[PDB]
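The next block holds one structure in the form of structure tokens; read it before the comments.
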Amino acid sequence: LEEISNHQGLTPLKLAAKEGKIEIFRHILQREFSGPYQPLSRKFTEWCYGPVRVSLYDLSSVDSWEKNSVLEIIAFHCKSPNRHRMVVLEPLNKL
Amino acid sequence: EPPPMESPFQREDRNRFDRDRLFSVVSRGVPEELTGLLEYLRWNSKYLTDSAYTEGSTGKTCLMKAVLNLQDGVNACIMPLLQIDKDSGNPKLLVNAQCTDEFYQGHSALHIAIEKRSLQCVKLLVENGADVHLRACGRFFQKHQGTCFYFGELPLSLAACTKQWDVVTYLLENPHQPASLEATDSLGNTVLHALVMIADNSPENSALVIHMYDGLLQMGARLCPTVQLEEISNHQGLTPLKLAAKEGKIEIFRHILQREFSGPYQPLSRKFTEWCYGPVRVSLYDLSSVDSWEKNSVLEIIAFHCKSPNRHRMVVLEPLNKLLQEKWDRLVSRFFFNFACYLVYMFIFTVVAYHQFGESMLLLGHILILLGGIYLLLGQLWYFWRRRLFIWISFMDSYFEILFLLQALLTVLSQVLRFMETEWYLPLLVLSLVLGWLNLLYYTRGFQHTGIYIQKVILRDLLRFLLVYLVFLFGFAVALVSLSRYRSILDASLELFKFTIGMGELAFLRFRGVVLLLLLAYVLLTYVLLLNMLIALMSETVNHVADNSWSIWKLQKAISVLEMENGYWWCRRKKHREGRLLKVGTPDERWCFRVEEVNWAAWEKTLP
Amino acid sequence: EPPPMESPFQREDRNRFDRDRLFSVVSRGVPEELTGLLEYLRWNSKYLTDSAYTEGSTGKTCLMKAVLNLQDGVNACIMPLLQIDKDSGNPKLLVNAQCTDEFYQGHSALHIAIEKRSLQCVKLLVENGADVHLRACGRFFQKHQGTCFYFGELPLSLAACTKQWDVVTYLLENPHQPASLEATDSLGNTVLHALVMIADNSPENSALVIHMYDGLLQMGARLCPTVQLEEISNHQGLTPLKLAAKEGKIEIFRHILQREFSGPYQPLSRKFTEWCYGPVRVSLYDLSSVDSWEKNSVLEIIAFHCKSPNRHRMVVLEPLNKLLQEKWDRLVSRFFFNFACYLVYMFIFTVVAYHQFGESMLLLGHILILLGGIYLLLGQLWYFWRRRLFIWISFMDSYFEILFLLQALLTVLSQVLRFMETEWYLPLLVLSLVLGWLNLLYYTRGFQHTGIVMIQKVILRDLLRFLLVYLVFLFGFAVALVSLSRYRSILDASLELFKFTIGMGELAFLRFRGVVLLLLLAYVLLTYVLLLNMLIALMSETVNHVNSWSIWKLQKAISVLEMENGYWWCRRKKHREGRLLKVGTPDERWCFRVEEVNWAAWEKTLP
Ligand SMILES: CCCCCCCCCC(=O)OC[C@H](COP(=O)([O-])OCCN)OC(=O)CCCCCCCCC
Ligand SMILES: CCCCCCCCCC(=O)OC[C@H](COP(=O)([O-])OCCN)OC(=O)CCCCCCCCC
């Protein structure tokens, strides 16, 4: 259901990026589930050693390699005053 | 890029019972599939620690993976795997295997067992011969700006930093191989040093560090009463108190300074209450390595070696505040005698510069000026030779030394040029005169009323806004000069700058309109930049910062005292030790310092 | 310098039973080890209070060492020690022995027992003849900066300041030696004065002080009912209310002013409620020692003798606010008559200074100017003679009294110089004129719109510091610029630089032109930095979200309390405020009626 695009060509993650809906955008980016619902997640924990936590983030529709990605939408297609708050979210910050 | 320690998705790097089958089995936890591994190892003449049975880059063994994949705090393959390893006749047991990658160098299965908070795994590994003094020397375990976790390097320090009292108790009290609280990592840091280094001035971390520090001190007193753990020095030459002083860990430094215990642990105390009467409390403070009589004292470390912004908050703690106040009260006359000498020298400077039998007096003034410049140049050069680090690590509280050195250099050069009869001697002399008159404001710190009375920002805003303003200035200067060809780049820059500071006025010829447009644009842009100046400086004020000017003045007085205490460069001054030798328990004689505290608010909180 | 009162680690200085054995025995608390002391004293003909058995520097005896080492509030050697002292036939009892060192002078074992909160030890000492009126008058027990603890100087005062009701009750009601409430320390301060002094405006401390003040008033109503404790004056002539007014202890001052008791304790009240009607409450306030009719009243002490910053908040408390409002309403016409007289005098001054029967009128104007200067000089000098200390203790709200004197002195000097035909009388005359026109602003406090500061406080504080810094800069750059031109003299160069700094004139600029320009640029940048620093430092106080009405009310109070005395050439008779009403038993007081309306407080009492 995440991959369905509306008439503007935007998936729900991309739509949340464009509209400036930061909270749901962060939740979708950092979605984590355990047990039977793990495949629906976008973030996977690899290992933890004390304070250090290392996790894998899915880069589908987020990496700028794809045309009309989340990064491009935030940089040039979003107009909300919350854009600078979205670039500091994982995995956007380290990417 | 270093490989992940234990990734469920990424297979181990390379860079029947193969390595991949064994890793799959030990990750699942069922020991039944391990049957037949020993026979294959014996037939192929291989040990579990060989290169093919470990991750290629790090050297992580199957035992570490088994510990990394603990489930419900236990992994059923640990004991069978160790049994197979010991039955294989391995000359170096699998328990003591360590990683080889530069990132994870020194990492062992015991470290993973302690980190995973599984006491059963630690007990099982120790019972089988794990070395409890292995050091994790990899870059992941050193302290640096990045992805790292510094806990010392020893398993005992790891247990202490992770708030695992049971693990510490077992490691120090196990009969198989008892851990030693005296053990040190690669940097010489013991467990107390490691606790100090992980300390953050947040209340929660400070409470955790204080609790574990006190617990380890008491347990060391119980287990090793013949040694003092707080006297161990690392490779930097610092005890845990001095290490906390240097690194800026204020909330544990204060606790160590004012530590007090009653009962069997009284010898571990540093504050001893003598008597109380209403709101008045009098206590004896241990001056061990605190008084400036000893080399690398806590006072000197705070004043000259610490670079933390908490420097001035540390010199206002007891007994440091009272000790420095007494030192200042003892050396207050020496400070003002120096002020009087400098004032007389500056008066002679002013007379000689103003007057550029009378000729003999002028020559006497010139030679006195040369001698004064020589004396200050030698005095400042010795100061830099002693404190090369202090000037660099903190410029806001040491720029007056640089100004004194520059004034001495300019005075000496001016006298040398005057002897050489070079025409440029007078500008150097007048610059020296004005700089020396400005240097007279150093001595305002002696008395409080003007001593307490932007400087932080000027090193934080000017270095950016001058760049922007100079870009504006050069652009408009070249634009005006090229259109007028105002006759040179420096001329236009000087005129525009003088108008900007309001000193001069602009003069307007073909293309008068374009010149007027350029001048209007420059004026408006500079006004916006000045507004940005004023706004940036203002926001720091409405921030509601605390009144730390008093503490900054106290720290300035502390630096002045600690430099005056050494005497002049031509006459070493004998050090006077603070406090008196007193017996405080058991032959336990310490140099205690008596501090008297009056606190109505605290006392009233004890009344019914 | 003084030795510690008690030190577990440091032994007493020295400036069978020797001193050390006895002190160790009484410190450990075992009484059986004291056997043989009495026999030794009898054999050596010694006494237990001799210098051989006390600390050399202070005089701390063995008993005081025993009390300083209480365990769970009891020490087993105190009673046997007192018994040994009595059996030894000592002409001066070991109890009531006191220190002699200047720091702990007068300190006794009863003070230690009370401070240690051991009621049992107090009972034991008092039973054995402890004097409950001993005064601990050493430097440690006096009010000053540094390590000290002021609690009065009496055991009753020490028990009161330490919040010990049981010990206070025992001391007041013991039969062996009853303590006296009206007893005074070396400064004449009773227990109430001591409670006032130890009070600070924090809420918990104020609550403690108020609680024990009311309790001691009730105890002084029970015992010695014929003695009015609040009317006792110390060596400075201050009652507890007046002492609270002087010290600036606003909380206890307000509590005493508005004290109201119900039931049997009605005569102790100072505020009496008359009638209520909804949000309207009308109460009588006792003006004893409050009305400015008497000499050294509470109003005068607050206006002219208090120096605490809490001064302006005290004059808005009832009944002070309404009393001062009534006085100001009565004397508002006299104030503006003075304003009109000064305005006419300044108009004549302006006309005469401007125009230097025309000639005869100008001479008459000069004579009038001289007469006005003589009058104002006499008035200001009398004011200083009366209130010398008020000028020093609060300059921020009394500098007009200096400016008026300076204007009168300058006017007199100008006139006498004109008489001596000196040509230096015009500058003095014009300075007198401008200073009088400046002093005309004093009367703006007569009406609220202009009467109702923050920058005035900071400038009067930071003026000297900023002047020091800026004058160092100015002198340095002036001498640097003068020396390089050899800008005629140091004064001329300083004047040029200052006039440019305040924007009055340009800067003058001959080889070494670059160096002169560099010096001028450095001066300009440094002065801009200094002025920005001053602006921000002044700014940091304004943005604190910080009371102008209280300051204006205090100004009006000062003006009223000065106007009541009348002119120097005409003393004015004062009128008592309120009326002499009876409030109980013939307990007649000069009560004052204040009506107060408070909807917010009344609406809370509704269900
Ligand atoms: C030519 C003098 C030969 C040596 C005679 C001894 C004179 C005492 C010198 C002295 O006390 O130093 C004064 C001052 C040092 O300032 P500082 O180190 O405190 O400041 C450190 C700042 N970071 O240094 C000066 O003022 C330098 C000039 C000293 C001579 C002045 C003439 C009057 C002598 C009585
Ligand atoms: C020739 C007249 C000689 C004086 C006779 C007495 C006339 C009445 C005096 C009078 O009202 O004085 C008012 C004023 C008092 O000073 P202040 O309390 O305002 O000041 C203290 C503030 N801190 O004092 C003044 O303003 C002084 C002016 C004196 C000349 C008046 C000319 C007009 C008279 C009708």
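Labels used: A, B, ... for chains in the order of the structure tokens, numbers from 1 for residues in each chain, and numbers from 1 for ligands as shown.
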| field | Distance filter 8 Å, only C-alpha atoms, chain B against chain A, as a ChimeraX atom specification | value | /B:4-9,115-116,147-149,162
| task | Please check which protein, DNA or RNA residues sit within 7 Å of ligand 1, counting only C-alpha atoms and all ligand atoms, and write them as a VMD selection string. | result | chain B and resid 335 337 to 339 341 to 345 368 371 to 372 375 to 376 379 400 to 401 404
Output N, CA and C atoms of each residue in that selection to a file, as a PDB file, in the first residue's frame.
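The result, written out as again.pdb:
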```pdb
ATOM      1  N   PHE B 335      50.734  42.483  44.498  1.00  0.00           N
ATOM      2  CA  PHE B 335      50.029  42.881  43.284  1.00  0.00           C
ATOM      3  C   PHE B 335      50.054  44.394  43.104  1.00  0.00           C
ATOM      4  N   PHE B 337      52.081  46.565  44.572  1.00  0.00           N
ATOM      5  CA  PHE B 337      53.443  47.043  44.362  1.00  0.00           C
ATOM      6  C   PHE B 337      53.839  46.923  42.895  1.00  0.00           C
ATOM      7  N   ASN B 338      53.462  45.814  42.253  1.00  0.00           N
ATOM      8  CA  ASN B 338      53.679  45.675  40.817  1.00  0.00           C
ATOM      9  C   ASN B 338      52.919  46.745  40.046  1.00  0.00           C
ATOM     10  N   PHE B 339      51.681  47.025  40.459  1.00  0.00           N
ATOM     11  CA  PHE B 339      50.906  48.079  39.812  1.00  0.00           C
ATOM     12  C   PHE B 339      51.592  49.431  39.949  1.00  0.00           C
ATOM     13  N   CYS B 341      54.837  50.009  40.420  1.00  0.00           N
ATOM     14  CA  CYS B 341      56.034  50.017  39.583  1.00  0.00           C
ATOM     15  C   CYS B 341      55.678  50.247  38.120  1.00  0.00           C
ATOM     16  N   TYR B 342      54.641  49.558  37.632  1.00  0.00           N
ATOM     17  CA  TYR B 342      54.237  49.738  36.242  1.00  0.00           C
ATOM     18  C   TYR B 342      53.712  51.146  36.000  1.00  0.00           C
ATOM     19  N   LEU B 343      53.003  51.714  36.978  1.00  0.00           N
ATOM     20  CA  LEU B 343      52.504  53.077  36.838  1.00  0.00           C
ATOM     21  C   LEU B 343      53.649  54.079  36.774  1.00  0.00           C
ATOM     22  N   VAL B 344      54.677  53.892  37.602  1.00  0.00           N
ATOM     23  CA  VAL B 344      55.840  54.777  37.558  1.00  0.00           C
ATOM     24  C   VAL B 344      56.545  54.656  36.212  1.00  0.00           C
ATOM     25  N   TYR B 345      56.700  53.422  35.724  1.00  0.00           N
ATOM     26  CA  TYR B 345      57.348  53.212  34.434  1.00  0.00           C
ATOM     27  C   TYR B 345      56.551  53.869  33.312  1.00  0.00           C
ATOM     28  N   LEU B 368      66.318  54.439  31.056  1.00  0.00           N
ATOM     29  CA  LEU B 368      65.350  53.810  31.947  1.00  0.00           C
ATOM     30  C   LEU B 368      64.236  53.139  31.155  1.00  0.00           C
ATOM     31  N   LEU B 371      65.626  49.890  29.796  1.00  0.00           N
ATOM     32  CA  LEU B 371      65.705  48.893  30.859  1.00  0.00           C
ATOM     33  C   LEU B 371      64.326  48.354  31.225  1.00  0.00           C
ATOM     34  N   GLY B 372      63.322  49.230  31.298  1.00  0.00           N
ATOM     35  CA  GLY B 372      61.973  48.771  31.586  1.00  0.00           C
ATOM     36  C   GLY B 372      61.421  47.865  30.503  1.00  0.00           C
ATOM     37  N   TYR B 375      63.118  44.503  30.918  1.00  0.00           N
ATOM     38  CA  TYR B 375      62.614  43.754  32.066  1.00  0.00           C
ATOM     39  C   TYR B 375      61.270  43.107  31.755  1.00  0.00           C
ATOM     40  N   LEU B 376      60.383  43.839  31.075  1.00  0.00           N
ATOM     41  CA  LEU B 376      59.079  43.282  30.728  1.00  0.00           C
ATOM     42  C   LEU B 376      59.198  42.215  29.647  1.00  0.00           C
ATOM     43  N   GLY B 379      60.392  39.199  31.350  1.00  0.00           N
ATOM     44  CA  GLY B 379      59.331  38.683  32.199  1.00  0.00           C
ATOM     45  C   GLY B 379      58.239  37.979  31.418  1.00  0.00           C
ATOM     46  N   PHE B 400      46.014  39.767  27.810  1.00  0.00           N
ATOM     47  CA  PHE B 400      46.813  40.816  28.431  1.00  0.00           C
ATOM     48  C   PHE B 400      48.289  40.456  28.479  1.00  0.00           C
ATOM     49  N   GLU B 401      48.622  39.171  28.623  1.00  0.00           N
ATOM     50  CA  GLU B 401      50.019  38.763  28.529  1.00  0.00           C
ATOM     51  C   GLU B 401      50.584  39.050  27.145  1.00  0.00           C
ATOM     52  N   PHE B 404      51.165  42.791  26.902  1.00  0.00           N
ATOM     53  CA  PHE B 404      52.382  43.186  27.607  1.00  0.00           C
ATOM     54  C   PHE B 404      53.626  42.815  26.811  1.00  0.00           C
TER      55      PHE B 404
END
```
Would you write out, as JSON lines, a table of all residues in chain C that have an atom no more than 8 Å from an atom of ligand 2, listing for each the closest atom pair and the distance in Å to one decimal, considering only C-alpha atoms and all ligand atoms and ordering rows by chain and rising residue number?
```
{"residue": "C:334", "atom": "CA", "partner": "ligand 2", "partner_atom_place_in_ligand_line": "11 (O)", "distance": 8.0}
{"residue": "C:335", "atom": "CA", "partner": "ligand 2", "partner_atom_place_in_ligand_line": "19 (O)", "distance": 7.2}
{"residue": "C:337", "atom": "CA", "partner": "ligand 2", "partner_atom_place_in_ligand_line": "11 (O)", "distance": 6.0}
{"residue": "C:338", "atom": "CA", "partner": "ligand 2", "partner_atom_place_in_ligand_line": "13 (C)", "distance": 3.7}
{"residue": "C:339", "atom": "CA", "partner": "ligand 2", "partner_atom_place_in_ligand_line": "19 (O)", "distance": 5.9}
{"residue": "C:340", "atom": "CA", "partner": "ligand 2", "partner_atom_place_in_ligand_line": "26 (O)", "distance": 7.3}
{"residue": "C:341", "atom": "CA", "partner": "ligand 2", "partner_atom_place_in_ligand_line": "33 (C)", "distance": 4.6}
{"residue": "C:342", "atom": "CA", "partner": "ligand 2", "partner_atom_place_in_ligand_line": "26 (O)", "distance": 3.3}
{"residue": "C:343", "atom": "CA", "partner": "ligand 2", "partner_atom_place_in_ligand_line": "26 (O)", "distance": 7.1}
{"residue": "C:344", "atom": "CA", "partner": "ligand 2", "partner_atom_place_in_ligand_line": "33 (C)", "distance": 5.6}
{"residue": "C:345", "atom": "CA", "partner": "ligand 2", "partner_atom_place_in_ligand_line": "32 (C)", "distance": 4.6}
{"residue": "C:368", "atom": "CA", "partner": "ligand 2", "partner_atom_place_in_ligand_line": "1 (C)", "distance": 5.8}
{"residue": "C:369", "atom": "CA", "partner": "ligand 2", "partner_atom_place_in_ligand_line": "30 (C)", "distance": 7.8}
{"residue": "C:371", "atom": "CA", "partner": "ligand 2", "partner_atom_place_in_ligand_line": "1 (C)", "distance": 5.9}
{"residue": "C:372", "atom": "CA", "partner": "ligand 2", "partner_atom_place_in_ligand_line": "29 (C)", "distance": 4.3}
{"residue": "C:373", "atom": "CA", "partner": "ligand 2", "partner_atom_place_in_ligand_line": "29 (C)", "distance": 7.4}
{"residue": "C:375", "atom": "CA", "partner": "ligand 2", "partner_atom_place_in_ligand_line": "29 (C)", "distance": 6.2}
{"residue": "C:376", "atom": "CA", "partner": "ligand 2", "partner_atom_place_in_ligand_line": "27 (C)", "distance": 5.5}
{"residue": "C:379", "atom": "CA", "partner": "ligand 2", "partner_atom_place_in_ligand_line": "16 (O)", "distance": 7.2}
{"residue": "C:380", "atom": "CA", "partner": "ligand 2", "partner_atom_place_in_ligand_line": "21 (C)", "distance": 7.1}
{"residue": "C:400", "atom": "CA", "partner": "ligand 2", "partner_atom_place_in_ligand_line": "23 (N)", "distance": 5.8}
{"residue": "C:401", "atom": "CA", "partner": "ligand 2", "partner_atom_place_in_ligand_line": "23 (N)", "distance": 4.8}
{"residue": "C:404", "atom": "CA", "partner": "ligand 2", "partner_atom_place_in_ligand_line": "23 (N)", "distance": 6.6}
{"residue": "C:442", "atom": "CA", "partner": "ligand 2", "partner_atom_place_in_ligand_line": "22 (C)", "distance": 7.1}
{"residue": "C:443", "atom": "CA", "partner": "ligand 2", "partner_atom_place_in_ligand_line": "19 (O)", "distance": 7.8}
{"residue": "C:559", "atom": "CA", "partner": "ligand 2", "partner_atom_place_in_ligand_line": "23 (N)", "distance": 8.0}
{"residue": "C:562", "atom": "CA", "partner": "ligand 2", "partner_atom_place_in_ligand_line": "18 (O)", "distance": 7.9}
{"residue": "C:563", "atom": "CA", "partner": "ligand 2", "partner_atom_place_in_ligand_line": "18 (O)", "distance": 7.2}
{"residue": "C:567", "atom": "CA", "partner": "ligand 2", "partner_atom_place_in_ligand_line": "15 (C)", "distance": 7.5}
```
Limited to C-alpha atoms, could you put the picked residues into a file as a compact mmCIF listing (two decimals), in the first residue's frame?
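The result, written out as selection03.txt:
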```txt
# COMPACT_ATOMS: atom_id res chain seq x y z
CA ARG C 334 1.71 73.93 50.55
CA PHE C 335 3.81 71.93 48.09
CA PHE C 337 2.78 77.15 46.84
CA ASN C 338 6.48 76.34 47.25
CA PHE C 339 6.59 75.38 43.57
CA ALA C 340 5.01 78.70 42.59
CA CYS C 341 7.45 80.65 44.78
CA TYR C 342 10.41 78.86 43.19
CA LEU C 343 8.95 79.41 39.72
CA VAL C 344 8.60 83.15 40.37
CA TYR C 345 12.14 83.29 41.76
CA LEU C 368 15.89 89.90 45.03
CA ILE C 369 18.23 87.30 43.51
CA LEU C 371 17.88 87.50 48.94
CA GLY C 372 16.57 84.31 47.34
CA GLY C 373 20.05 82.81 47.25
CA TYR C 375 17.18 82.16 51.83
CA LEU C 376 17.74 78.93 49.88
CA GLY C 379 17.15 76.37 54.16
CA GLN C 380 19.46 73.80 52.57
CA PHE C 400 18.06 67.39 44.63
CA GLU C 401 18.85 68.47 48.20
CA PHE C 404 19.50 73.18 45.57
CA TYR C 442 12.04 68.46 41.41
CA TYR C 443 8.39 69.50 41.63
CA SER C 559 8.42 65.27 50.71
CA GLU C 562 9.97 67.22 55.24
CA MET C 563 7.05 69.62 54.74
CA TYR C 567 10.20 76.29 57.17
```
| said: I'd like the contact shell of residue B:549 - 8 Å cut-off, only C-alpha atoms, skipping same-chain residues fewer than 3 positions apart - returned as a list in words. | reply: residues 452, 552 and 553 of chain B
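Looking only at stretch 278-452 of chain B, the set that DSSP places in strand (DSSP E) from backbone geometry is residues 280, 281, 282, 283, 284, 285 and 286 of chain B.
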| field | Atomic distance atom CA of residue C:456 - atom CA of residue C:548, expressed in Å with one decimal | value | 12.6 Å
Counting only C-alpha atoms, chain C residues within 7 Å of chain B, as a short mmCIF file (atom, residue, chain, number, x, y, z; two decimals) with N, CA, C and O atoms, in the first residue's frame:
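And here is the file that came out, out_6.cif:
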```
data_model
loop_
_atom_site.label_atom_id
_atom_site.label_comp_id
_atom_site.auth_asym_id
_atom_site.auth_seq_id
_atom_site.Cartn_x
_atom_site.Cartn_y
_atom_site.Cartn_z
N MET C 5 35.91 25.93 68.48
CA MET C 5 35.16 25.71 69.71
C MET C 5 35.26 24.26 70.16
O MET C 5 35.45 23.98 71.35
N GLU C 6 35.13 23.32 69.22
CA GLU C 6 35.35 21.91 69.49
C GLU C 6 36.01 21.28 68.27
O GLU C 6 35.64 21.59 67.13
N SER C 7 37.00 20.42 68.51
CA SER C 7 37.73 19.79 67.43
C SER C 7 38.07 18.35 67.83
O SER C 7 38.90 18.15 68.74
N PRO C 8 37.47 17.35 67.19
CA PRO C 8 37.83 15.96 67.49
C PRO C 8 39.26 15.61 67.12
O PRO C 8 39.78 14.61 67.62
N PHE C 9 39.91 16.40 66.26
CA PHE C 9 41.24 16.08 65.76
C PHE C 9 42.34 16.92 66.38
O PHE C 9 43.49 16.48 66.42
N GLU C 115 22.02 25.11 72.44
CA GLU C 115 22.31 24.97 71.02
C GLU C 115 22.26 23.51 70.59
O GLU C 115 21.77 23.20 69.50
N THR C 147 32.25 35.05 59.63
CA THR C 147 31.74 33.96 60.45
C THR C 147 31.21 34.47 61.78
O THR C 147 31.98 34.95 62.62
N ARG C 465 33.18 53.43 37.01
CA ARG C 465 33.88 52.40 36.24
C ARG C 465 34.03 52.81 34.78
O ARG C 465 35.13 52.73 34.20
N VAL C 472 41.14 56.33 30.81
CA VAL C 472 42.39 55.67 30.46
C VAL C 472 42.59 55.68 28.95
O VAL C 472 43.66 56.06 28.46
N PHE C 473 41.55 55.30 28.20
CA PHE C 473 41.65 55.33 26.74
C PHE C 473 41.95 56.74 26.24
O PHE C 473 42.81 56.94 25.37
N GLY C 476 45.54 57.93 27.07
CA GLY C 476 46.53 57.24 26.25
C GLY C 476 46.55 57.75 24.82
O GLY C 476 47.61 58.09 24.29
N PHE C 477 45.38 57.84 24.20
CA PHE C 477 45.35 58.28 22.81
C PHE C 477 45.69 59.76 22.67
O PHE C 477 46.32 60.15 21.68
N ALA C 480 49.43 60.00 22.93
CA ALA C 480 50.01 59.41 21.74
C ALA C 480 49.90 60.34 20.54
O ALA C 480 50.84 60.45 19.73
N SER C 483 52.24 63.59 21.18
CA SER C 483 53.67 63.33 21.03
C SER C 483 54.07 63.18 19.57
O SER C 483 55.18 63.55 19.18
N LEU C 484 53.17 62.65 18.74
CA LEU C 484 53.50 62.40 17.34
C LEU C 484 53.50 63.67 16.50
O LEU C 484 54.11 63.69 15.43
N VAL C 515 50.17 56.87 10.74
CA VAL C 515 50.17 56.50 12.15
C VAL C 515 49.12 57.29 12.93
O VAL C 515 48.44 56.73 13.80
N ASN C 533 29.26 48.05 24.82
CA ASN C 533 29.30 47.31 26.08
C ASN C 533 28.41 47.99 27.12
O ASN C 533 27.62 47.32 27.80
N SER C 540 20.78 44.69 29.97
CA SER C 540 20.57 43.43 30.66
C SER C 540 19.69 43.59 31.90
O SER C 540 19.08 42.62 32.34
N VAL C 543 15.68 44.08 30.59
CA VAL C 543 15.02 42.95 29.95
C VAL C 543 14.76 41.84 30.96
O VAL C 543 14.38 40.72 30.58
#
```
| field | Residue contacts of residue A:16 (12 Å, only C-alpha atoms) excluding same-chain residues fewer than 4 positions away, as a PyMOL selection string | value | chain A and resi 2+10-12+20-29+70-71+73-74+77-78+80+82-83+86
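Among C:444, C:57, C:288, C:201, the residue with the shortest atom-to-atom distance to residue C:576, counting only C-alpha atoms, is C:288.
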| field | Near-residue C:127 list (9 Å; only C-alpha atoms; drop same-chain fewer than 5 positions) as JSON, numbers by chain | value | {"C": [122, 176, 177]}
| Do you know which residues are at most 9 Å from stretch 165-168 of chain C counting only C-alpha atoms, after dropping those on the same chain fewer than 4 positions away, and could you put them as a list in words? | residues 114, 117, 118, 119, 122, 123, 155, 156, 157, 159, 160, 172, 173, 179, 212 and 215 of chain C
| field | Contacts of residue B:215 within 12 Å, only C-alpha atoms, excl. fewer than 5 positions in-chain, as a ChimeraX atom specification | value | /B:160,163-165,168-169,191-192,195,208-210,220-222,265,268
| said: Let's see if you can do this: from backbone DSSP, list all alpha helix (DSSP H) residues in stretch 257-403 of chain B, as a PyMOL selection string. | reply: chain B and resi 257+298-300+311-314+320-354+358-393+399-403
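One distance worth recording is that between atom CA of residue B:511 and atom CA of residue B:492, which is 16.8 Å.
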